[PDB]
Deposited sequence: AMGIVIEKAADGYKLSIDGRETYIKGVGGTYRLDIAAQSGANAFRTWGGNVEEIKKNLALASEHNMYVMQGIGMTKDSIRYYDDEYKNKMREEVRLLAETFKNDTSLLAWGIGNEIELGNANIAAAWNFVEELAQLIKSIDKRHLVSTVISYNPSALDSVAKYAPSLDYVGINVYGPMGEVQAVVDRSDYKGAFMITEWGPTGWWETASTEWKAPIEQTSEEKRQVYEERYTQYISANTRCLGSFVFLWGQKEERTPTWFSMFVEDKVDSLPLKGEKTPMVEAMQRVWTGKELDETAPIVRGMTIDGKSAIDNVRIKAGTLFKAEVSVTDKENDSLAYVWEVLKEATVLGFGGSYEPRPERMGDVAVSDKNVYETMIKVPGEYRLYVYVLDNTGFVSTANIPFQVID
């Protein structure tokens, strides 16, 4: 009894109206569950990998939106060999998992429209696979996931009426999502299957084009505001999967990472949770928190902020300070400004460290850089409860 009904729309699971409070992927689902998440999304997996996902979900009392990988090689959608292989794969998945009560929904493809070409053969095949799944599995929802793409919503409406809902991946500003969906030919409910904080293309940047990263306090506000204004306020939206519930290099080690790094050499961080995790507990539970992270109000070098275009003479001492609203510990690290960025790929190497990491008991740090260049000073503020708060400041060293 997984049903989407007109109210916009409401989702019910065996009579029980449920909002999908999700994370992208399977990192620290213990913390997701402790934070009041009830779901996670995966992109793919064979039978054995999906059984593992659904056992993890069961341990955490969470629902799964389980992805099925579709090709971006557009010519394959005319190929009966490819289509026969995919029908055999989807038959097996539907037959195996139709009675699993952790599984919520099948995701048939992720952004199939951003393939070699957006073509009717691909959309027709999504609709064929949806019919195939619904002929075997009467329990679960069937969906596809698209980019934030008016054409793709129109395509779903035209070619895939058998879908129960559409997932939309939203990167960057979210203020127009409601209007974009409302204006499209698509009638029905949706989920925001990827969303997150302010992009490095949305923020201010220094004169040398370093994007100015929000403090963890600013990021907390952005996660809560985006959730409240653009997810839970949209009556056509049934829920969402937040990113990045984990850590990955993305312009900086902290940019969209809701956890800090773990097991980086000579960096004594252990993957602590952040105010961005606090933000999601607050909006998922709708309740105030007992434990909150240190509130970072800002950060300076020689009294100047990121927006001031901080320039330091090579070989001169500079003094940093982080302002926090008192068993606190401070971890300080200088990296080069990132120069190897995802350029048609997802993965970026960690920028090179200058000198050594420092730990202090006070909110101040002084050092010296001999090499002219573009740098970033990162501070991590550790309480003794497993929270870490963050800020960084880009600066230039000059001869």
{"item": "Stretches with no C-alpha atoms in the model, relative to the deposited sequence starting at 1", "value": "1 to 2, 10 to 11, 330 to 333"}
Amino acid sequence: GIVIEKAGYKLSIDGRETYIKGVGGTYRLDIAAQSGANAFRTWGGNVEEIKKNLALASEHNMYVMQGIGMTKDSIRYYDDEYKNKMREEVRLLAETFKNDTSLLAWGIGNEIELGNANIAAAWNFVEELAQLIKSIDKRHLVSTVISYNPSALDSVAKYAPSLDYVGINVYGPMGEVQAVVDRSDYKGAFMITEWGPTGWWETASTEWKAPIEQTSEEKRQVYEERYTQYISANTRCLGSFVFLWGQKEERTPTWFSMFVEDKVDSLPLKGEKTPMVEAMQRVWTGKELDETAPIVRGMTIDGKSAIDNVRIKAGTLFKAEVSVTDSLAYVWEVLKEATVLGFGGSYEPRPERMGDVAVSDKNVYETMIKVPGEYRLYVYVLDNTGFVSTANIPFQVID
From here on, numbers count along this sequence of modelled residues.
{"query": "Higher-B stretch (mean Cα B-factor, as the entry records it), 244 to 252 or 206 to 214", "finding": "206 to 214"}
{"query": "Mean C-alpha B-factor comparison - 338 to 346 and 66 to 74, higher one", "finding": "338 to 346"}
{"query": "Which of 377, 11, 23, 381 ranks first by CA B-factor in the deposited coordinates", "finding": "11"}
{"query": "Among 80, 224, 194, 272 - the residue whose C-alpha B-factor is largest in the record", "finding": "80"}
{"query": "Assigned third (lowest, middle, highest) for the C-alpha B factor of residue 370", "finding": "highest"}
{"query": "Within-chain third of residue 333 by Cα B-factor, per the entry", "finding": "lowest"}
{"query": "Chain thirds of CA B-factor: placement of residue 311", "finding": "highest"}
{"query": "Position of residue 363 among the chain's modelled residues by C-alpha B-factor, lowest, middle or highest third", "finding": "middle"}
{"query": "Chain-wide C-alpha B factor ranking for residue 35, given as lowest, middle or highest third", "finding": "middle"}
